[PDB]
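Report on the structure given below.
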Amino acid sequence: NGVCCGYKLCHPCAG
């Protein structure tokens, strides 16, 4: 769906 930032690292959440 897009990019998500969590543990100081942004990565695709679920496309």
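Count begins at 1; order follows the chain as displayed.
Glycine residues also receive a Cβ, built from the backbone N, Cα and C atoms like all the rest.
Feature annotations, reproduced from Swiss-Prot:
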{"type": "DISULFID", "residues": "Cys4-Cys13", "note": "disulfide bond"}
{"type": "DISULFID", "residues": "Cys5-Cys10", "note": "disulfide bond"}
{"type": "MOD_RES", "residues": "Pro12", "note": "4-hydroxyproline"}
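Here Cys4 (disulfide bond) is positioned 5 angstrom away from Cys10 (disulfide bond), judged by their C-alpha atoms. Shown in sequence order, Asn1, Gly2, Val3, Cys4 are the residues of the chain, 6+ apart in sequence, with a C-beta less than 8 angstroms from the C-beta of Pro12 (4-hydroxyproline). Cβ neighbours within 10 Å of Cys5 (disulfide bond), excluding its own Cβ and spanning all shown chains: 9.
Separation of the C-alpha atoms of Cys13 (disulfide bond) and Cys5 (disulfide bond): 9 Å, rounded to the nearest whole number. The secondary structure of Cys13 (disulfide bond), as reduced to three states from DSSP, is coil rather than helix or strand.
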